Structures are given as C-alpha cells and as structure tokens.
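Visitor:
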Amino acid sequence: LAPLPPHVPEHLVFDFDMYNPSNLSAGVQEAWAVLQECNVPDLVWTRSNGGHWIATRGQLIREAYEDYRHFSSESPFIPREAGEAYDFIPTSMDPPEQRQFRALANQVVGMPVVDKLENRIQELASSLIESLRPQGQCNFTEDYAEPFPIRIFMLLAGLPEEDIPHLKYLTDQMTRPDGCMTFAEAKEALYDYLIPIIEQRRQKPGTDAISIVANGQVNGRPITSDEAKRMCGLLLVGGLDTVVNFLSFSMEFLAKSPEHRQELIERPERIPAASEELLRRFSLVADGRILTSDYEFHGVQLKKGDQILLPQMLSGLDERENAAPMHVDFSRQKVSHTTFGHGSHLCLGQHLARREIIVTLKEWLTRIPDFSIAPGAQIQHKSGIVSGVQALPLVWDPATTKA
Ligand code: HEM
Ligand SMILES: *SCC1=CC(C)(C)N(O)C1(C)C
Ligand SMILES: *SCC1=CC(C)(C)N(O)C1(C)C
Ligand SMILES: CC1(C)[C@@H]2CC[C@@]1(C)C(=O)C2
Ligand SMILES: [K+]
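Going left to right, the sequence shown walks through residues 11 to 413 as the deposited numbering numbers them.
1) Where do the N-terminal and C-terminal ends of the alpha helix (DSSP H) with residue 116 fall, by residue?
2) For ligand 2, which residues have a Cβ under 5 angstroms from at least one heavy atom, in chain order?
3) To the nearest whole angstrom, what separates the beta carbons of residue 354 and residue 96, a pair I think is in contact under 8 angstroms?
4) Please look up how many angstroms separate the CB atoms of residue 160 and residue 250, rounded, as I've assumed it's under 8 angstroms.
5) Among 42, 43, 64, whose alpha-carbon lies nearest the alpha-carbon of residue 52?
6) Using the C-alpha atoms, what's the distance from residue 328 back to residue 48?
7) Looking at residue 119 and ligand 4, is the gap between the Cβ and the nearest heavy atom below 8 angstroms?
8) With a cut-off of 7 angstroms, give the chain-ordered residues whose Cβ is closer than this to any heavy atom of ligand 5.
9) Apply the 10 Å Cβ neighbour rule to residue 266 and answer buried if 16 or more other Cβ atoms are within range, or exposed otherwise.
10) So residue 111 packs on residue 297, CB below 8 angstroms; how close in whole Å?
11) Is the beta carbon of residue 257 less than 9 angstroms from the beta carbon of residue 155?
12) May I have a chain-ordered list of the beta strand (DSSP E) segments no shorter than 3 residues that lie completely inside the stretch 122 to 183?
13) Among residues of its own chain, excluding the 5 on either side of residue 6, which ones have a beta-carbon nearer than 6 angstroms to its beta-carbon?
14) Inspect the beta-carbon positions of residue 260 and residue 131 and report whether they are closer than 9 angstroms.
15) Whole alpha helix (DSSP H) runs in the stretch 203 to 291 with 4 or more residues, listed along the chain?
16) Which residues in the same chain as residue 38 place their Cβ atom closer than 6 angstroms to its Cβ, once the five residues preceding and following it in sequence are excluded?
17) Under 8 angstroms Cβ to Cβ from residue 384, same chain only, skipping five residues before and after it: list those, please.
18) Under the assumption that residue 253 contacts residue 115 (Cβ atoms under 8 angstroms), give the Cβ distance between them as a whole number of angstroms.
19) Any contact of the stretch 276 to 289 with the stretch 328 to 346, i.e. 3+ C-beta pairs under 8 angstroms?
20) Do residue 318 and ligand 4 come close, with the Cβ less than 8 angstroms from some heavy atom?
21) So residue 71 and residue 348 are in contact, right, with Cβ under 8 angstroms, and what is the actual spacing, rounded?
22) Would the C-beta of residue 108 count as close to ligand 1, meaning under 8 angstroms from any of its heavy atoms?
23) CB residue 300 to CB residue 318, shorter than 9 angstroms?
24) Once the 5 residues before and after residue 239 are set aside, which same chain residues still bring their CB inside 7 angstroms of it?
25) Please name the residue or residues paired with residue 374 in a DSSP beta bridge.
26) Please tell me whether, using a cut-off of 8 angstroms, the distance from the CB of residue 242 to the nearest non-hydrogen atom of ligand 6 is below it.
27) Going by DSSP in three states, residue 408 sits in which element: helix, strand or coil?
28) Return the CA-CA distance between residue 346 and residue 326, expressed in angstroms with no decimal places.
29) I need the DSSP call for residue 96, collapsed to helix, strand or coil.
30) Alpha carbons only, please: which of 357, 233, 283 is nearest the one belonging to residue 343?
31) Do the CB positions of residue 310 and residue 222 come within less than 9 angstroms of each other?
32) Look up residue 319 in the DSSP assignment and say whether it is helix, strand or coil.
33) Taking residue 382 as the reference, which of 263, 107, 54, 106 has the closest Cα?
34) Give a yes or no on whether the C-beta atoms belonging to residue 350 and residue 322 are separated by under 9 angstroms.
35) Could you tell me whether the Cβ atoms of residue 23 and residue 14 are closer together than 9 angstroms?
36) Is it buried or exposed for residue 356, if we count other Cβ within 10 angstroms and need 16 for buried?
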C-alpha cells in the first residue's frame, strides 16, 4: 500500500487491488462488485498498485471515457510503469490522431472481414466441438476457449500455430502478470517477435492481416514499421486474451444453470440476445486513463498525472444501469453495459468477438445440450486488466449428444 497523497481525502480511500481482489473466491465479477455496495463512494482512491482512482459507477465510467481531454489514453494501464510503457496503436493515442489507425485496423477486423470469416469460424467451432463430443468431458479452457479464438486469429494473421504457447504467455503477462515480466518487458518481447515478420511482409506482402496492416496508408502516407508493429501487437493481445476468457465465464455459467441452457435449446434464435446479456453479466475488462490536468470531477479533486481505473466491467453490473445486475435474464429489455468500452476507443474486435461467441454457443448447444461441471470441481477465477477462469472441467453423457 502506497502512502496516501495529500490531495486525497481519507473518506475516499478504498484499497481495492485489481490484480488480487479480496472477494475473488466469490467469482471475479462478484469481487469487483464489492466496489458498488452502498458503503463505497462513486469515485474512490485505492492505495494498491502504486495508488490510483477507481470510478465504480457507469455514469462516471462513461463520462470519463468520453472526456479524453481530461482523461488521456496515453497511459491506460495500472500500474504507472505499465501505462508509461504502453504504446499500442490505436489505444495509446487521443483524438483525432487515432482515427486513421482505427480505419486501417477495420480493414483486418471490421464487420466485412468478420462476415467473410464466418465460414472458417463455424468450421473450426464444429470441428473442435465434434472432436470433444463423444469423449464426455473436456478441460474447457485449454480444449476450446483457447484454441478456438486463438487459431482463428493466427489464421487471420497468417502466423504459425506452433507460436501460440510463446505468444499466449506474453499476452497474459500484460493482462495478468505472474511476476516474471513487467509489462514493458512483455511488450518488448512481443515486438521482438513481430519486427522480422513485419519486415518480411513489407518486403513480400501476403494476404494476411499483418501484410495488410504493415503495408497500409495512414495520414496520406505509408504506415511506418514502428506503427505497424504497435498496431499488430494490440491485435494479437485482442485475439489471444479476450474472447478466450469470456467463453469460459459463459460456459461455466451455462454448465451451472440447466434452466438457462434449456431456454437456448428450446429457442435457439434467442442466442444472440442471450450472448449480449452474458457479455454484460460476465464482463471482464478493466483499464482506464491518466489525468492531463488538475480537474474537479463530480466534486472530487483530481491532480495532473493521477491515474484513474475505469473498469468497463462495472458499468453493466451497476444496479443504476440494470435492476438485479448479478442475475442473468435473457429477456432483459435493455442490456446496458460498456463491456466493449466507450467513447473514441470503442472495441474494434467486437464484431469478431460476438460472432465467435454466438457460433460457439449455437454449435455447442446443438451438439452437447446437457453438460455439467465435473464432480466436486470448484471453479476459480483470476483478475487483472482482463479477468479469466483458471480451469473449467466439464462432463456430459455422450449418449445425450448428437453427432
Ligand atoms: C470479449 C471480447 C472483447 C472484449 C471484452 C473487448 C474489450 C475492449 C475494450 C474494453 C476496449 C476499450 C479499451 C480502452 O478504451 O482503453 C477495446 C478496444 C480494442 N479492442 Fe477489444 N475486446 C474484445 C475482443 C477483441 C478482439 C478479438 C480484438 C482483436 C481482434 C480486439 C481488438 C481491440 C482493439 C484493436 C482496441 C482498441 C480500439 C482503439 O483504441 O481505437 N478486441 N476492446
Ligand atoms: S448497503 C450494503 C452494505 C454495506 C456495508 C455497510 C458494508 N454493509 O454492512 C452492508 C452489507 C449493509
Ligand atoms: S520467472 C521465469 C522467467 C523469467 C523470464 C526471464 C521473464 N522468463 O523468460 C521466464 C518466464 C523463464
Ligand atoms: C483493454 C483491452 C482488452 C483493449 C484491447 C486489448 C486490451 C488488453 C487493450 O490493451 C485495449
Ligand atoms: K504510454
């Protein structure tokens, strides 16, 4: 715990540790939701992780993500060392500088790309699920949640499958550091990997996402190698450590809730709406911003260079946005959330994400309608910039499945 800065009033202190939250045994969303109990102010200072602000409510989270002039994305990760070294494109750039790079990224992950990739997504999902189906069990995290989205990404990026273990390791250090590498070291090693590949595909372009990004136009000129590198690196992080975690929270839920499963079994057309509700309830991202100036925000005095965590996860969990937030209701009339961010840096990968999520649920519920958590397994979660599931052993009766 870092010493309380003089400008922070004592009543605002709430020592939440985003990488190791107190109530994690209750579930990661539950752990973070302690920030929304009535004894916690809308904006608190934690002395954890070097010390930083945390907005706990949708209203503030959205406002802050909209006001980039006060809350710059130049340093979007806690701790400070990580935000300092963070230089991915487009995320580390404030408007309007980021727009040109978002456009370029949309050429590799935008809706049109996702629609043309849907056949491979379905293919891979079906193949993996059918391989699992007669077995009557799986380790969900390593048997599906990882290889499915990750292989689609590697296919899109035209990168070798044998590189997955190295890259997945590196991306996880940036989001959930185990202590072996600082964010800066993880980033530089990912850059080490990408540099020669980017040079080769600028010399001899293929048709893959890296070739497209590394040879695109920004700002009336060719993209530089350095920009290409910083953009491709963020695309790797997106591809390897988002949907990978989210599918496990969803499948854990569905394993544990036969009644919700039955809903989607009986009425498969609901799966898209259900997916969005799962996106709210099992939201998993938490980054933020850095103060560009002294600023009074909702009667709280913030100083230039204060960091503020703005957990995208919390907005949809806020009972001010959704009545009975912890309860899953597929029928929920307005599913309010900021699971995919807010403002100028809205997730670019969210169409790929949704398609992967919806393809997975529809195919799994068709082939393996009835499944459960393996006997006496206790599911443990993990927290960080992106939260996750440690392990998800699942079982089912192969005679109940359909080939
Ligand atoms: C469940 C899946 C996903 C979630 C929850 C998620 C979440 C988010 C969030 C919260 C942000 C805003 C970050 C900020 O403002 O600092 C963001 C931006 C971004 N996401 Fe995703 N994402 C997902 C899938 C993906 C995928 C699969 C990719 C890559 C294919 C991706 C690529 C990106 C990129 C490149 C940005 C930066 C956009 C910009 O800075 O203009 N996302 N995402
Ligand atoms: S109103 C929620 C709440 C906060 C705190 C004061 C910690 N509590 O004891 C309850 C659970 C009443
Ligand atoms: S903690 C073990 C370790 C440290 C570092 C030098 C970053 N590594 O490459 C490994 C993961 C072996
Ligand atoms: C916070 C994110 C999910 C978003 C895309 C990947 C990620 C870890 C970032 O650095 C920006
Ligand atoms: K930075």
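All C-beta atoms in this analysis are idealised placements derived from N, C-alpha and C, irrespective of residue type, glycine included.
Guide: To lay it out plainly:
1) 109 to 119
2) 47, 48, 49
3) Actually they do not touch by this definition, with Cβ atoms about 16 angstroms apart.
4) 6 angstroms
5) Closest by alpha carbon: 64.
6) One C-alpha to the other measures close to 11 angstroms.
7) Checking every heavy atom of ligand 4 against the Cβ of residue 119, none is found closer than 8 angstroms.
8) 84, 85, 93, 94, 95, 96, 97, 102
9) exposed
10) Incorrect: roughly 18 angstroms between the Cβ atoms, too far for contact.
11) In this structure, residue 155 lies closer than 9 angstroms to residue 257 by Cβ.
12) 147 to 149
13) Since the first and last residues shown for the chain are 11 and 413, residue 6 lies out of range.
14) No; because the gap between Cβ atoms is not below 9 angstroms, this pair is not in contact.
15) Complete alpha helix (DSSP H) runs here, min 4: 219 to 224, 235 to 250, 253 to 266, 268 to 276, 281 to 291.
16) 391, 393, 397
17) 147, 403, 404, 405
18) So it is not a contact: roughly 17 angstroms between Cβ atoms.
19) yes
20) no
21) That pair is a contact at about 6 angstroms.
22) yes
23) yes
24) 201, 204, 205, 208
25) For residue 374, which the question treats as bridged, DSSP gives no partner whatsoever.
26) This structure simply doesn't include ligand 6; it includes ligand 1, ligand 2, ligand 3, ligand 4 and ligand 5 instead.
27) Three-state result, residue 408: helix.
28) Straight-line spacing of the CA atoms in residue 346 and residue 326 works out to 6 angstroms.
29) coil
30) 283
31) no
32) Three-state DSSP puts residue 319 in a strand.
33) When only C-alpha atoms are compared, the closest one is 263.
34) yes
35) Going by beta carbons, residue 23 and residue 14 fall inside the 9 angstroms limit.
36) exposed
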